[PDB]
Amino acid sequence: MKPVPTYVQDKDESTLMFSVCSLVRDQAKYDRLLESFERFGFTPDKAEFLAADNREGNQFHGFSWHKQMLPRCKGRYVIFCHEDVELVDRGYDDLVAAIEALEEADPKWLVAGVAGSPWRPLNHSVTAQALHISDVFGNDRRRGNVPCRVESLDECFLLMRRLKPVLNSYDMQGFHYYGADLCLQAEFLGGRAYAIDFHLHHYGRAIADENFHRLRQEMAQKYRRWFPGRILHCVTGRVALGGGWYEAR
C-alpha cells in the first residue's frame, strides 16, 4: 500500500484561544483556580484546562512539565501557571488585549508573564522588578512599569504561543529558576520575554530552601559559560553568574 501523507500548511488552525496548563498538587487550590478562570471569561468555547498531575507525588518538575503538556494543547496560546493563582478582576478579554498589544509592540516576544525582572538592568545594587499583582506582599501592588521587556519571569504564570514555543533545559530539575531558564533559552532562540500588565492573585510564596540554593548555583554554573560576568536579576534576587573576566579577584 502507498502511504497516504498529510500535507501541512502554514496556518493557525486553533479554535480555542487558550490552553491553561497548571502544575497541580492540591485539589482544593486547583478547583479554586478553575472556578475563577471560568468566572472571568475562560469558558469552554474559549479555553481548555490541563493539569500536570503532581497530586500523588512529584511526577513532573518545573523544567520537565511543558514537554508533556504542550503536545496535548490545542489553543492558540498556552498558559503555564501554578495552582495557587486565581483571577479576581482582569479576565479573558483583558489577557487577549494585552497579548495582542504585545504582538503589535514587539513581534519578537516569545514568552510573557505577570512579574519578572527588566532586561539588562543598569543598577545591580538593587534587584530590578517589574510586576502588577496581588500576592503575599500586598494587594494590587506594582514594581516598575509593565508591560516591559524582562530577562526573567516568576513561575506563577507564563505563556507562549503554541506554534512558537520555548523549551526549558533538560539538565536541571526541581522547583526553582525554571522561569529564568525559559527566558534565557528564548534569548538563545532569538526572541524576547515580557512582563505584561495582567493583574491576578497569587497566594503562593517562595521557599528559599536548599533546593533553591542548589539551583541558584546550577544556574550560575550553566549560564556563566555563555554570559560571563552577567548579573541576572530575578524577583527572588540577583545572581552574579561569574565566569570569564569576572573571576579575577
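Quick note: we count residues from 1 along the sequence shown, nothing fancier.
Comparing 230-238 with 8-16, the higher mean C-alpha B-factor in the PDB entry belongs to 8-16. Judged by mean Cα B factor in the deposited record, 118-126 ranks above the other of 77-85 and 118-126. In the PDB entry, the Cα temperature factor peaks, among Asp197, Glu187, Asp181, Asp45, at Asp45. You'll see in the entry that, of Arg224, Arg205, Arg192, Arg216, the Cα B factor peaks at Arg205.
Looking at the C-alpha B-factors along this chain, the one for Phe137 belongs to the highest third.
In this PDB entry, the Cα temperature factor of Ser169 sits in the bottom third of its chain's modelled residues, the lowest group. The deposited CA B-factor of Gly244 belongs to the lowest third of values across its chain.
When the CA B factors of the chain's modelled residues are split into thirds, the value for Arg90 lands in the highest one. Residue-level temperature factors show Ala220 in the lowest third of its chain, judged at the C-alpha atom.
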